Amino acid sequence: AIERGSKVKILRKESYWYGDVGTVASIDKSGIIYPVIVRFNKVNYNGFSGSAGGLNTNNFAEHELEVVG
């Protein structure tokens with residue numbers, strides 16, 4: 001099961017960090033299809049201005065992540 005701070009290999013085809021692993025940051029209450037936000041320490045600036053957006057976290061479903069810890 002997706003534990004906390006566990007190593008999860010992202011298995012999302014259309015993902016900026018697909019094929020890479022990430023550190024589980026926190027899970028949601030199943031409010032959305034991708035409540036699990038993983039950490040990648042990677043930024044994808046593609047339109048920033050004024051307020052510093054920045055992501056560093058991608059949403060992913062439980063079945064979309066592969067706990068390989």
# chains A, B, ... in the order shown; residues from 1 in each chain; ligands from 1
>>> select_by_dssp(residues="chain A", states="strand (DSSP E)", output="PDB file with N, CA and C atoms, in the first residue's frame")
ATOM      1  N   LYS A   7       8.982   4.816  -1.098  1.00  0.00           N
ATOM      2  CA  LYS A   7       9.425   4.990  -2.512  1.00  0.00           C
ATOM      3  C   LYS A   7       8.351   4.435  -3.450  1.00  0.00           C
ATOM      4  N   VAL A   8       7.767   5.276  -4.266  1.00  0.00           N
ATOM      5  CA  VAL A   8       6.707   4.796  -5.203  1.00  0.00           C
ATOM      6  C   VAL A   8       7.099   5.124  -6.645  1.00  0.00           C
ATOM      7  N   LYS A   9       7.185   4.121  -7.482  1.00  0.00           N
ATOM      8  CA  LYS A   9       7.548   4.361  -8.905  1.00  0.00           C
ATOM      9  C   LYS A   9       6.309   4.857  -9.647  1.00  0.00           C
ATOM     10  N   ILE A  10       6.358   6.057 -10.160  1.00  0.00           N
ATOM     11  CA  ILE A  10       5.183   6.613 -10.887  1.00  0.00           C
ATOM     12  C   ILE A  10       4.916   5.782 -12.143  1.00  0.00           C
ATOM     13  N   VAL A  21      10.929   7.577  -9.736  1.00  0.00           N
ATOM     14  CA  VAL A  21      10.298   7.300  -8.412  1.00  0.00           C
ATOM     15  C   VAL A  21      10.153   8.613  -7.641  1.00  0.00           C
ATOM     16  N   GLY A  22       9.318   8.630  -6.633  1.00  0.00           N
ATOM     17  CA  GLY A  22       9.122   9.877  -5.839  1.00  0.00           C
ATOM     18  C   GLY A  22       8.852   9.522  -4.374  1.00  0.00           C
ATOM     19  N   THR A  23       9.059  10.456  -3.482  1.00  0.00           N
ATOM     20  CA  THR A  23       8.818  10.184  -2.032  1.00  0.00           C
ATOM     21  C   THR A  23       7.389  10.587  -1.668  1.00  0.00           C
ATOM     22  N   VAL A  24       6.575   9.641  -1.263  1.00  0.00           N
ATOM     23  CA  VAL A  24       5.157   9.959  -0.889  1.00  0.00           C
ATOM     24  C   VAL A  24       5.117  11.120   0.113  1.00  0.00           C
ATOM     25  N   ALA A  25       4.376  12.155  -0.198  1.00  0.00           N
ATOM     26  CA  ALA A  25       4.295  13.327   0.721  1.00  0.00           C
ATOM     27  C   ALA A  25       3.043  13.219   1.593  1.00  0.00           C
ATOM     28  N   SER A  26       1.914  12.925   0.998  1.00  0.00           N
ATOM     29  CA  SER A  26       0.657  12.810   1.792  1.00  0.00           C
ATOM     30  C   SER A  26      -0.475  12.286   0.906  1.00  0.00           C
ATOM     31  N   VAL A  36      -3.130  11.169  -4.114  1.00  0.00           N
ATOM     32  CA  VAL A  36      -1.748  10.959  -3.577  1.00  0.00           C
ATOM     33  C   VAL A  36      -0.754  11.904  -4.259  1.00  0.00           C
ATOM     34  N   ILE A  37      -0.209  12.846  -3.529  1.00  0.00           N
ATOM     35  CA  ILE A  37       0.783  13.778  -4.142  1.00  0.00           C
ATOM     36  C   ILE A  37       2.199  13.280  -3.804  1.00  0.00           C
ATOM     37  N   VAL A  38       2.987  12.986  -4.805  1.00  0.00           N
ATOM     38  CA  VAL A  38       4.369  12.483  -4.555  1.00  0.00           C
ATOM     39  C   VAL A  38       5.365  13.639  -4.672  1.00  0.00           C
ATOM     40  N   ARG A  39       6.560  13.458  -4.171  1.00  0.00           N
ATOM     41  CA  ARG A  39       7.589  14.540  -4.245  1.00  0.00           C
ATOM     42  C   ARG A  39       8.654  14.147  -5.268  1.00  0.00           C
ATOM     43  N   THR A  57       5.341  18.613  -6.972  1.00  0.00           N
ATOM     44  CA  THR A  57       4.462  17.511  -6.476  1.00  0.00           C
ATOM     45  C   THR A  57       3.456  17.155  -7.571  1.00  0.00           C
ATOM     46  N   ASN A  58       3.327  15.893  -7.888  1.00  0.00           N
ATOM     47  CA  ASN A  58       2.364  15.484  -8.953  1.00  0.00           C
ATOM     48  C   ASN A  58       1.286  14.576  -8.356  1.00  0.00           C
ATOM     49  N   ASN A  59       0.047  14.811  -8.706  1.00  0.00           N
ATOM     50  CA  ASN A  59      -1.063  13.970  -8.171  1.00  0.00           C
ATOM     51  C   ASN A  59      -1.006  12.585  -8.819  1.00  0.00           C
ATOM     52  N   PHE A  60      -1.408  11.568  -8.099  1.00  0.00           N
ATOM     53  CA  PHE A  60      -1.391  10.187  -8.662  1.00  0.00           C
ATOM     54  C   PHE A  60      -2.376   9.313  -7.883  1.00  0.00           C
ATOM     55  N   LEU A  65       0.382   4.348  -8.630  1.00  0.00           N
ATOM     56  CA  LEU A  65       1.750   4.298  -8.033  1.00  0.00           C
ATOM     57  C   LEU A  65       2.123   2.845  -7.732  1.00  0.00           C
ATOM     58  N   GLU A  66       3.389   2.519  -7.821  1.00  0.00           N
ATOM     59  CA  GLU A  66       3.831   1.123  -7.540  1.00  0.00           C
ATOM     60  C   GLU A  66       4.802   1.130  -6.357  1.00  0.00           C
ATOM     61  N   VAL A  67       4.301   0.917  -5.165  1.00  0.00           N
ATOM     62  CA  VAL A  67       5.187   0.913  -3.959  1.00  0.00           C
ATOM     63  C   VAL A  67       6.275  -0.154  -4.117  1.00  0.00           C
TER      64      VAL A  67
END
>>> atom_distance(atom1="CA of residue 4 in chain A", atom2="CA of residue 69 in chain A")
10.9 Å
>>> closest_residue(among="A:1, A:30, A:40, A:6", to="residue 18 in chain A", atoms="only C-alpha atoms")
A:40
